[PDB]
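Novice: Read in order, the letters of the first sequence are residues 1 to 113, 124 to 223 in the authors' numbering.
Backbone N, C-alpha and C define an ideal beta-carbon position, used for all residues, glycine too.
Mind having a look at this structure? Questions to follow.
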Amino acid sequence: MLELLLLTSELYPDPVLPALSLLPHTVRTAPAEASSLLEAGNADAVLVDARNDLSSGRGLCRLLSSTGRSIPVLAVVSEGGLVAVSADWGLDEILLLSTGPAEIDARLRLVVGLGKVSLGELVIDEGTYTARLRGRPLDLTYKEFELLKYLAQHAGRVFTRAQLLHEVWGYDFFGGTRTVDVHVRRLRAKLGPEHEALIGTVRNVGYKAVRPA
DNA sequence: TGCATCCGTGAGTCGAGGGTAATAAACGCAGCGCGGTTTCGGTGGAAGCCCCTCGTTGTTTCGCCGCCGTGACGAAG
């Protein structure tokens, strides 16, 4: 009753997951391509092969992730390869290549079968990449909107420039930037006289966010 | 005087390269100095006991990282 779409170059679903033939779910196969995500129709779940290669499997799990709406993404890895399997893959469920038929059935029937938190005086709207600080208008540049976003949810957490750099930027990451200094100085300006006490900037500890009061 | 007759010499620079033999013995005593042995000893290595060498604060100050703004070369439509 589920259409499972395999992105695997094995040309058969059998060595990727052996016991799946014991369940009468339909399996539609294609090589591990992003364009075969356009090959998804009424697929209820999707399995990626990452048994020997954790990197492209994790990135494909990432390629699916955050796109929306979304159909939940699954992957199959090895047991010594479960070290890299984490929440950073964008997984909803991970499968091993030795999980049983009723086990895969239960994981599938679990996974295929609200608003933002208010409020730290900085609302986050995901549409135009902008916020709202005690006032409707709040212009945030491409990276001056996520810098506040990064310090928003991790309020109270201490983050160094590089720790911020690789999540706030791509990052590349360049050096000798002061881009944090350029931003936080700018992010402490468009926030008006009030809420200047939203970021904790003590010397050489990085740039932590201080939540009220 | 000869005159034979022994005789005292040397006769290769150098490499290959360790060794082979014999007759009648016992007792006993003395010194003996090497090695069993037999004393305490104070100076040895602990055990317990007191004056002086090494750690707190009180600044100083270059240094440096956050900040602050500038400008442009970039970034996206």
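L143 and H205 look like a contact to me (Cβ under 8 Å); what is the Cβ gap, rounded to whole Å?
Specialist: As a working mapping, residue 143 is identified with position 133 in the first sequence. As a working mapping, residue 205 is identified with position 195 in the first sequence. With 8 Å as the limit, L143 and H205 qualify as a contact, their Cβ atoms being about 5 Å apart.
Novice: Am I right that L95 and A40 are in contact with their C-beta atoms under 8 Å? What's the rounded C-beta distance?
Specialist: Translated into the one-based positions of the first sequence, residue 95 becomes position 95. Translated into the one-based positions of the first sequence, residue 40 becomes position 40. That belief does not hold up - the Cβ atoms of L95 and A40 are roughly 18 Å apart, past 8 Å.
Novice: On the premise that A223 lies in contact with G100, defined as a C-beta separation below 8 Å, what is that separation, rounded to the nearest angstrom?
Specialist: The residue you call residue 100 lines up with position 100 of the first sequence. The residue you call residue 223 lines up with position 213 of the first sequence. Contact flag wrong, Cβ pair sits at about 53 Å.
Novice: Compare the beta carbon distance of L7 and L60 with 8 Å and say whether it is the shorter of the two.
Specialist: Here residue 7 refers to the residue found at position 7 of the first sequence. Here residue 60 refers to the residue found at position 60 of the first sequence. The answer is yes: Cβ separation under 8 Å.
Novice: Assign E3 to one of three DSSP states: helix, strand, or coil.
Specialist: In the first sequence, counting from the first residue as 1, residue 3 sits at position 3. Strand, per DSSP.
Novice: Beta-carbon within less than 6 Å of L22's beta-carbon, same chain only, minus the 5 sequence neighbours each way: which residues are those?
Specialist: On the first sequence, position 22 is the one that residue 22 refers to. Answer for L22: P101, listed in chain order.
Novice: Can you tell which of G125, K126, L124 and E93 has its C-alpha closest to the C-alpha of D105?
Specialist: Within the first sequence, residue 105 is the residue found at index 105, counting from 1. Ranking the options by Cα distance to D105, first place goes to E93.
Novice: With a cut-off of 8 Å, do at least 3 Cβ pairs link the segment 162–179 to the segment 208–219?
Specialist: The segment 162–179 vs the segment 208–219: in contact.
Novice: Is DSSP giving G180 helix, strand or coil here?
Specialist: As a first step, residue 180 is located in the first sequence; it is residue number 170 there, counting from the start. DSSP places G180 in coil when its eight states are reduced to three.
Novice: Counting along the chain, where does the alpha helix (DSSP H) carrying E103 start and finish?
Specialist: As a first step, residue 103 is located in the first sequence; it is residue number 103 there, counting from the start. Start and end: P101 to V111.
Novice: Between which two residues does the alpha helix (DSSP H) carrying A162 extend?
Specialist: Here residue 162 is taken as the residue at index 152 of the first sequence, counted from 1. Its alpha helix (DSSP H) spans residues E156 to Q163.
Novice: For a test of the three-state rule: what should DSSP assign to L47, helix, strand or coil?
Specialist: Numbered from 1 along the first sequence, position 47 holds the residue referred to as residue 47. Strand.
Novice: Take the Cβ of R146 as the centre, count every other Cβ of all protein chains shown within 10 Å, and call the residue buried at 16 or more, exposed below.
Specialist: Locating residue 146 in the first sequence gives position 136, where the first residue counts as 1. So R146 counts as exposed.
Novice: Quick check on DSSP: helix, strand or coil for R142?
Specialist: By one-based count along the first sequence, residue 142 stands at place 132. DSSP places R142 in strand when its eight states are reduced to three.
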